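The chain below stands alone, shown as structure tokens; this is the form deposited in one PDB entry.
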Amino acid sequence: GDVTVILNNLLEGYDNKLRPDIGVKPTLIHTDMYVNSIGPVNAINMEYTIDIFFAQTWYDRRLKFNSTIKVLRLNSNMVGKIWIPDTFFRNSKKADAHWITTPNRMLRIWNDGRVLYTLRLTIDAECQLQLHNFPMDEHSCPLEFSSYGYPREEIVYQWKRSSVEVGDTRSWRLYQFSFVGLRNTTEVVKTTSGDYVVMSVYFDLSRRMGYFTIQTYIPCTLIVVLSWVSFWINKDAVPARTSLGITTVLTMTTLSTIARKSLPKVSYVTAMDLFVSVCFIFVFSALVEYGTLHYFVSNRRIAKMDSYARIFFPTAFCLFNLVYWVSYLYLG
């Protein structure tokens, strides 16, 4: 067949070890990306999973051919025969191409030498999460790629018209986050082996709030309110108010165990930690309030401490909530 003749001629005398225009000009590569799905964001490992169809286009004058056929639509067979850019992902903790049922790769060569190379990738990309506002935290997780060995004088990457395309975002594996939008940038990073053109895609993510409201914020609030029931109980009910005071503390301690459930052991105070800790202080103080009241009135103004607590405790907790939610939902 004439196609066999064309393919044999293109590979005759062809050295895949040499970049196109090796001593003439940088090899300009045009990159596309189709995000199949953004997998789960792993806060503990500071990484997220992404699945893409990665496309790269460049010109290779050694692959020009003259025939009525205007494009050679090939499978992954010829990928290892021609020169392929050494594009790697800089923040990739772990990545792998797909091999079922065959190498998930595409190679198309036009008669003017333009080469389209596509392959499917699954990448575990590093994303350093600033969890200070958790669970009201927003992140922009990057995906950087560049040439491993070719500096900017030899390989230059460039986005196409539609840089990054996304399909049905509702089908993604974002359990804890909602996709907001994406941005793509281009920069030059200087390393010890030269300066490299680095292409980045940033995926904006906002954490969903529904689970934490039902699971933590409301139960912690109800325990705090239940601790105020003591202030309306007679001070002579020593077993009743002490049991109420210490059981809310035990409940609040139980509720505190899920505050850092799926997070790395960071040492700063998150928004969830601040709320739970303050709620613990409130139930702690309600029990200490009765102990002071019981001692001075009986176990020896303080004699009216119940009247003050019926106002101060709801007011201080309402004021805390007012400052807490304003400064975490509107003041960032």
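Start at 1 and count along the sequence shown; that's the residue number. The term rigid core refers to the most C-alpha atoms you can superpose between the two forms while keeping them within 1.5 Å.
Absent from the display: the form deposited in another entry. The rest refers to it.
Open item on the list: Please name the one residue from 233, 136, 84, 78 with a C-alpha displacement of 2 Å or more between this form and the one not shown, using the rigid core for the superposition.
Closed with: Comparing both forms, the shifted residue turns out to be 233.
Task: Rigid-core frame, C-alpha of residue 11, shift of 2 angstroms or more between this form and the one not shown - done: Where the cores coincide, residue 11 shows only a C-alpha shift between this form and the one not shown that is less than 2 Å.
TODO: For residue 25, state whether the C-alpha moves by 2 Å or more between this form and the one not shown after rigid core superposition.
DONE: Residue 25 C-alpha, core-superposed: shift of less than 2 Å.
TODO: Look at residue 307 and decide if its Cα position differs by 2 Å or more between this form and the one not shown after superposing on the rigid core.
DONE: Passes the 2 Å threshold, so yes.
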